[PDB]
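Colleague: Protein chains in written order, with the authors' numbering: chain Z, 216 to 428; chain S, 570 to 657; chain R, 1 to 37, 47 to 439; chain B, 1 to 37, 47 to 439; chain G, 1 to 426. From the three backbone atoms N, C-alpha and C, an ideal C-beta is built for every residue, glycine too.
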Ligand SMILES: CC(=O)O[C@H]1C(=O)[C@@]2(C)[C@H]([C@H](OC(=O)c3ccccc3)[C@]3(O)C[C@H](OC(=O)[C@H](O)[C@@H](NC(=O)c4ccccc4)c4ccccc4)C(C)=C1C3(C)C)[C@]1(OC(C)=O)CO[C@@H]1C[C@@H]2O
Ligand SMILES: Nc1nc2c(ncn2[C@@H]2O[C@H](COP(=O)(O)CP(=O)(O)OP(=O)(O)O)[C@@H](O)[C@H]2O)c(=O)[nH]1
Ligand SMILES: Nc1nc2c(ncn2[C@@H]2O[C@H](COP(=O)(O)CP(=O)(O)OP(=O)(O)O)[C@@H](O)[C@H]2O)c(=O)[nH]1
Ligand SMILES: Nc1nc2c(ncn2[C@@H]2O[C@H](COP(=O)(O)CP(=O)(O)OP(=O)(O)O)[C@@H](O)[C@H]2O)c(=O)[nH]1
Ligand SMILES: [Mg+2]
Ligand SMILES: [Mg+2]
Ligand SMILES: [Mg+2]
């Protein structure tokens, strides 16, 4: 989804929102603000207008990202869930990418509803972070791979196929977006590899395990 | 800046329309913009994204009235041809 | 209830303001410390202790020109916070004073200007003193003007500026800055008053008979003209020209607001005992090609509006006689659409003489303001210099480094060309 | 018959009290020996032989700060029983000031307070000066206020506190004490004015030009504010405001009693001879979001209520004109449910300038007690720091080891969050 | 009021304490004979913090001096300011316990610890309000490292509510004059971690570095090294004995230095140490003191702070400066070197100000720094210890002096746990 970098691109974000609103008065977007250095969902909040950005304080010097919020995800048991997939990058030259057949599906602890001004503050129904949902009273710890707030991605895929959904196409497009992210992100890694491990000098080989959300 | 000028002189992108002064002005403007963009204001030199912007501008200058995918790619092909001539 | 605020910006503005305020203090009897040993209300604000503080703010993006004011003779006169100074000089760069260094000092100047305006009930306009061909005087002046319209909209913005000479220059980057200041002096000003140093040098050499003059005499002449402009707001006389009547009688069309200033009874002490400086003589001396303070031939163009500000022992009948005889010679030709092109003001106060000056004591003086189409000749040479410099991109990297694009260069050149076209076309007859 | 009793706790409290009582002695005309060479029957009591004993108790947990007063300039001023000191300090520990050492010295302070309050006929209320993250100044103040409310209910208790600064801090355990002490401030004090050291440093640098200030200048500024508050009780004049009157007018709801203090004519005695301090000038300077004594900006808040206290040559006509002028401005905005958002007060006594100070002998001065919703920013900042430690459970073992349970921290956090939401909800529009 | 009882142990402890007592007596204005000859009314207000008033304007320190060799007692007694001490505070043995920690902790120390504790109780009970004790010793010998552990273990249970400091000298790898010395250190750190409120690591090689580099001293001696330790000792407790804008007692320093109970090892420093021919070329300001106070060159411990990150910083300034300048300087450090600071402690620096400066000087600071880099010292000793323990070396002495094999393993486990827990918060 389209993104803006604060505080550098705040004016561009405001101008774009204003122009689209003028073009479409019925347009009621929802944006999500996430800190660059923030992890585990800390500092991430939801806004409906560019003016809703908290621009008064000492915490605004940190760069942030404003992103178009996906207001309509798939819901399983009326709970919006995200998928953590483990991807192996074997080498940059030649490029080698491997994708695990199973992942971890993390579910929200509250029923999902479309973003409204009355439920923006409800982080449990809008954030799928495990560290944030674990403190909720509705979090369920289950040893089964198909129940609880944390499940296996293969189980979710097979439940989806039980409704007649082509899981092969789903897996194909997951593979496509994963490979697309890796190729989009590779060139800076080749630059960093050259900077840190110059050609002609002894050095170890490198690989990585990445968690795609 | 020496790297940019060597690149320009190697892939022969310079011509009557684009002289050395214009190349230097473009380099200075791009470097200043990308240094100011980052949180740290030193950024002594040019990162990769600024080089991507410069390559986009150069590809826009050449091969006019062409799609963007055809652009950049055409300039890459020309630069590779000139490099192959250079090493050969 | 007729207060005016002056904004001396840049080195040239500061050292013209020194002479301006010396002359003002002498005229109104104010000592260099602020105590008199009404008329003084336009330029001075009175406090409880009887101390008169000047109604002006000094701004420069460097200390070296202001500390002389703060440690000189007139050090107890100005408010300590009205002398605003920066830390790093603009280094003859428009972008330096408009985008990078001048952006850190604009807030203090705006706050002090708002503080000054809070003390005025009959505020009339602003008297911006600056100079083209300089980093601060071209960039910070633009920033200040732009924002002084966003804030005070209907107020007047009178501009006194120094223009580059035909062949006598100081910096190799003068055409760039002077072209870039065209936007601000065009669509953020009401009357742009221009003077170049070469013409005042010639005037000093011929009239006052000074072989090697310097900036002080030039600034004193500028102060005399500025005092003549506002001499009606403070003193009393027969015909009084207000600030708004001046520009409603001098500016024909909105974009044509670039008058020309002249001061006739410019004479040394020795050569004044022999010449009877009657009203006709000085009135004719105003209409002399070798007497204008911008190097341009007034016979190579039209005459649109004329304002004659008389001070001293001037009876209106003699003014009518001088105007009548002026409209007889064919060497001074006007525009057919202005059958009446003469505005007259008469005030009683004679001009004053500062100690250690180069101007003789006289009992009548005339300041002449002319809206002539001979300024395009001045702009054309500078435009040619700019094109020659810009054909091979020269010094442009300095401007681009501080945050300016080449679109600014192109647009400024186009704007100047359009203004020149407008001036050339307004001279046609129909 | 208009008596107030002063209490000063901790090093900050005692030093502020020194400044304040020197100011009162200079004002009413009392030598440091308590004997003059009426208006004093609110901070002083007269014995048989002309002595004037102040109505204040100095309490501290460590000997040095009080011992400085015991052997100093004002040695023969306080009844030595009124000077109270312990044996060991709280060591920046709220638990020590509340549960371990404060309870060991709570009897003497109450006995002396009773002895002082039995010597008065009508008691307006107590005054308490302290800190907010200091240990003794938090814990012992909490204990003292908790017992004072029980023993002297339905009686005013106004407190002046030094809230922790957003950036500079003199301690590492500051947020813990600050968060734990905002329960008696919320539920045991009838009013509370908080000042920030950083704001006073900025004010001293910008206004008084004091490059390197010490704590004495800050304390003198607080002394000026406190004298401004309790001026309609001692001296007479125009419209007079007592403690109950401005408490009613400035506290809309019982949970909102956190105003901000401002003193407009802060002049370095060298800018005084260059500007006039009219009623409009000082009234505008009070509302300027730079001359504020805490690090909050009203521009990101709404002005819930306003109290103005004028001293010197002030007439109601100028006050009304200035209030109207403030009303017209749209940059500063009030909430909607107070059409009349001001309570004004005029006194005749000019402010007193102490020797070796930083102020100037002005003719009129104004003190602003402004209730806005911007304070929610400041607490928030402090709030953040607090949890940034409590997540790692840092430095908690000290507080736990001195009779304080683990639940008090979370209780105070929840209380402070509730107060923040309460202050935010009143800013909504109808 | 708020008096401290001083204890010296070993040769290193006795010499450092003698220099310290000369320093404090000069500061408070005390004759070597024991009289007061000084020009100030503030030198005698809190004199009841180190001294006791005997008959006829005589002042006698606390100064419990202990040793198992009766040579250091004679060295201290016949020596500058050596009759200033009470005659019966000298508790001396008959043999210096060799270089054996077992001897001074189990056999020779046992027959003298009771004798010491009698005089310790006798002095303490003559105090209005005992703030605490402080011990100066070295962790490389038998008498020092054994007595300063046995005595501290029995002083802590007797007065659990008081304050206990220790200016210990941690053994250095390069400057080594003892063979069995690592053993002693490994057997002491684990008792200096649960029995003392504070502990200052004073490595000798850092003192030599300061003398060679900062002071341009060709030939330093032990007196020059002890001068710095005495300066830091005085700067730690100045706010208990002279007035200030922001006082900082020992307990106030403790409460905002140790985030957790066992993180009480610090790095000392003294701000204005310059030279003798560079003085004229310097200006005595707050910013320059803060610059020579936070450098990995003015630190009295041999571990680079750049290798770790500070958890907390103290700064007991002494002089008539301004508070705004101090606060501004502290905000610059933290903003400039952000990486060298724990993120979960905002404003890690705790400040203080005392008016009276040390004689001659018009401004000084004492920097106390809790840093994770201190773990280096421990991980530098353990390795050596292991190098000598896998092949049992010099262990017959300790084994025959009553100890058993398991104590060494327990001590190594405790020290390893301390290193790991200090690394946890990095
Ligand atoms: C040329 C000159 O001006 O000499 C000064 C002096 O200022 C210098 C040389 C002194 C001098 O110190 C040293 O030479 C020195 C040598 C080795 C190790 C440590 C110090 C001085 O000895 C130290 C002495 O300082 C004091 O008097 C302090 O009060 C100090 N006094 C003692 O330690 C002391 C105690 C008992 C008997 C004699 C001295 C002190 C410091 C902290 C707390 C209490 C007291 C002074 C002014 C000097 C000399 C004499 C050269 C310095 O002293 C200190 C530690 O502040 C070393 O760097 C500082 C500043 C100067 O460079
Ligand atoms: N007639 C006068 N011309 C002046 C005076 N001072 C400067 N100048 C002219 O101005 C030009 C130089 O520009 P300035 O140095 O005054 C401009 P400023 O100081 O504002 O720019 P920076 O160099 O960026 O500081 C040059 O033509 C000078 O002859 C003056 O007092 N009178
Ligand atoms: N504006 C002032 N703030 C002060 C002053 N003295 C201290 N303080 C502030 O107080 C805070 C430090 O805590 P205090 O000095 O109040 C400690 P207190 O004596 O109350 O308790 P103990 O810890 O038992 O000594 C910190 O915010 C200082 O800036 C002063 O004179 N003026
Ligand atoms: N700074 C000082 N370090 C010292 C001094 N004396 C010794 N040392 C250092 O400490 C170590 C030896 O300390 P000591 O001889 O005082 C140990 P102690 O006498 O307590 O042990 P025993 O051998 O059991 O008697 C060794 O590293 C020495 O270089 C001294 O006076 N000052
Ligand atoms: Mg200049
Ligand atoms: Mg205290
Ligand atoms: Mg020994």
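Could you say which of G:381, G:162, G:139 lies nearest to residue 4 of chain G if we only look at CA atoms?
Modeller: For this step, residue 4 of chain G is matched to residue 4 along the fifth chain. Here the closest residue by C-alpha is G:162.
Colleague: Which class does residue 379 of chain Z belong to by DSSP, given the choice of helix, strand or coil?
Modeller: As a working note, residue 379 of chain Z is residue 164 in the first chain. In this structure, residue 379 of chain Z counts as coil in the three-state DSSP scheme.
Colleague: Which parts of the stretch 222-274 of chain B are runs of the alpha helix (DSSP H), unbroken and 4 residues or longer, counting only runs that do not cross its ends?
Modeller: The qualifying runs are 224-238, 252-259.
Colleague: Residues in the same chain with beta-carbon distance under 6 Å from residue 10 of chain B, minus the five sequence neighbours each way, listed in chain order, please.
Modeller: Within the fourth chain, residue 10 of chain B is the residue found at index 10, counting from 1. So the list reads 139, 140, 143, 145, 146, once near-sequence residues are dropped.
Colleague: So if I threshold CB-CB distances at 8 Å, which residues from the stretch 399-422 of chain Z count as touching chain S?
Modeller: Going along the stretch 399-422 of chain Z in chain order, one finds 402, 403, 406 with a Cβ nearer than 8 Å to chain S.
Colleague: So which residues put a beta carbon under 6 Å from any heavy atom of ligand 7, going in chain order?
Modeller: Here the list is G:10, G:11, G:69, G:96, G:141, G:143.
Colleague: Given this structure, state the Cα-to-Cα distance separating residue 318 of chain R from residue 358 of chain R, to the nearest angstrom.
Modeller: Here residue 318 of chain R refers to the residue found at position 309 when the third chain is read from its first residue. Here residue 358 of chain R refers to the residue found at position 349 when the third chain is read from its first residue. Each residue's Cα considered, the two are about 12 Å apart.
Colleague: Within 7 Å of any Cβ in chain R, is that where the Cβ of residue 283 of chain B sits?
Modeller: Here residue 283 of chain B refers to the residue found at position 274 when the fourth chain is read from its first residue. True, the Cβ-Cβ gap to chain R drops below 7 Å.
Colleague: One question on the structure: do residue 267 of chain R and residue 201 of chain R come within less than 7 Å of each other, judged by their Cβ atoms?
Modeller: Indexing the third chain from 1 puts residue 267 of chain R at position 258. Indexing the third chain from 1 puts residue 201 of chain R at position 192. Against a cut-off of 7 Å, the Cβ pair of residue 201 of chain R and residue 267 of chain R comes out as a contact.
Colleague: Strictly by DSSP, which residues pair up with residue 381 of chain B?
Modeller: Along the fourth chain, one-based indexing puts residue 381 of chain B at 372. For residue 381 of chain B, which the question treats as bridged, DSSP gives the partners B:312.
Colleague: Where do the ends of the alpha helix (DSSP H) carrying residue 276 of chain Z lie?
Modeller: Residue 276 of chain Z sits at position 61 when you count from the first residue of the first chain. No alpha helix (DSSP H) contains residue 276 of chain Z, which DSSP labels as neither H nor E.
Colleague: Scan the stretch 150-179 of chain B and note each continuous beta strand (DSSP E) run of 3 residues or more that stays entirely inside, going in chain order.
Modeller: Counting only runs of 3 or more, we get 165-171.
Colleague: Taking only three categories from DSSP, how would you classify residue 80 of chain R?
Modeller: Residue 80 of chain R sits at position 71 when you count from the first residue of the third chain. Residue 80 of chain R falls in the helix class under three-state DSSP.
Colleague: Grouping DSSP H, G and I as helix and E and B as strand, with all else coil, what is residue 279 of chain G?
Modeller: One-based indexing of the fifth chain puts residue 279 of chain G at position 279. Helix.
Colleague: Within 6 Å: the Cβ of residue 76 of chain B and any heavy atom of ligand 6?
Modeller: For this step, residue 76 of chain B is matched to residue 67 along the fourth chain. It does not: the Cβ of residue 76 of chain B is nowhere closer than 6 Å to a heavy atom of ligand 6.
Colleague: Is the CB-CB distance between residue 286 of chain G and residue 329 of chain G below 7 Å?
Modeller: Locating residue 286 of chain G in the fifth chain gives position 286, counting from the first residue. Locating residue 329 of chain G in the fifth chain gives position 329, counting from the first residue. It is a contact, given that the beta carbons lie within the stated cut-off.
Colleague: Please confirm if residue 303 of chain G has its CB atom under 7 Å from at least one CB of chain B.
Modeller: In the fifth chain, the residue the question calls residue 303 of chain G occupies position 303. By this cut-off, residue 303 of chain G is not an interface position.
Colleague: Could you give the first and the last residue of the continuous beta strand (DSSP E) run that contains residue 4 of chain B?
Modeller: By 1-based counting over the fourth chain, the position of residue 4 of chain B is 4. Taken as a continuous stretch (DSSP letters only), the beta strand (DSSP E) holding residue 4 of chain B covers 3-9.
Colleague: From the beta carbon of residue 406 of chain R, is the nearest beta carbon of chain S less than 7 Å away?
Modeller: Here residue 406 of chain R refers to the residue found at position 397 when the third chain is read from its first residue. So yes, residue 406 of chain R belongs to the interface.
Colleague: In the DSSP assignment, find the beta strand (DSSP E) that holds residue 295 of chain Z and state where it starts and stops.
Modeller: On the first chain, residue 295 of chain Z is found 80 positions in, with the first residue counted as 1. Element bounds for residue 295 of chain Z: 294-307.
Colleague: Would you say the beta carbon of residue 15 of chain R comes nearer than 6 Å to a heavy atom of ligand 5?
Modeller: Position 15 of the third chain, counted from the first residue, corresponds to residue 15 of chain R. No, ligand 5 has no heavy atom inside 6 Å of this Cβ.
Colleague: Identify whether residue 12 of chain G lies in helix, strand or coil by the three-state DSSP scheme.
Modeller: Mapped onto the fifth chain, residue 12 of chain G falls at position 12. Correct three-state label for residue 12 of chain G: helix.
Colleague: Examine chain S for any beta-carbon lying closer than 7 Å to the beta-carbon of residue 162 of chain R, and answer yes or no.
Modeller: In the third chain, residue 162 of chain R corresponds to position 153, counting from 1. For residue 162 of chain R, the answer is no, since every Cβ of chain S falls outside 7 Å of its Cβ.
Colleague: Only counting the same chain, and skipping five residues up and downstream in sequence, which positions put a Cβ closer than 8 Å to that of residue 213 of chain G?
Modeller: If you number the fifth chain from 1, residue 213 of chain G lands on position 213. 297, listed in sequence order.
Colleague: At a cut-off of 6 Å, is residue 130 of chain B close to ligand 1 when judged by its beta-carbon and the heavy atoms of the ligand?
Modeller: By 1-based counting over the fourth chain, the position of residue 130 of chain B is 121. Incorrect: residue 130 of chain B has no Cβ contact closer than 6 Å to ligand 1.
Colleague: Three-state secondary structure (DSSP) at residue 428 of chain R?
Modeller: Within the third chain, numbered from 1, the residue matching residue 428 of chain R stands at position 419. In the structure shown, residue 428 of chain R sits in a helix (DSSP, three-state: H, G or I).
Colleague: Quick one: Cα of residue 288 of chain R to Cα of residue 127 of chain R, how far?
Modeller: The residue given as residue 288 of chain R occupies position 279 in the third chain. The residue given as residue 127 of chain R occupies position 118 in the third chain. Roughly 42 Å between the two C-alpha positions.
Colleague: Taking only heavy atoms of ligand 4 into account, decide whether any of them is closer than 6 Å to the Cβ of residue 612 of chain S.
Modeller: Reading the second chain from its first residue, position 43 is the one you call residue 612 of chain S. Checking every heavy atom of ligand 4 against the Cβ of residue 612 of chain S, none is found closer than 6 Å.
Colleague: At the 7 Å Cβ level, is residue 57 of chain R part of the contact set with chain B, yes or no?
Modeller: To locate residue 57 of chain R, count along the third chain from 1; it is residue 48. Residue 57 of chain R counts as touching chain B.
Colleague: Anything in the stretch 599-633 of chain S with a Cβ closer than 7 Å to a Cβ of chain D? List those residues in chain order, please.
Modeller: No chain D is present in this structure, whose protein chains are Z, S, R, B and G.
Colleague: To test your reading of the DSSP string, which unbroken beta strand (DSSP E) runs of 3 or more residues are found completely within the stretch 358-405 of chain R?
Modeller: Entirely contained in the stretch 358-405 of chain R, the beta strand (DSSP E) runs reaching 3 residues are, in chain order, 373-381.
Colleague: From the beta carbon of residue 223 of chain Z, is the nearest beta carbon of chain S less than 7 Å away?
Modeller: For the purposes of this step, residue 223 of chain Z is taken as the residue at position 8 of the first chain. Yes, contact with chain S.
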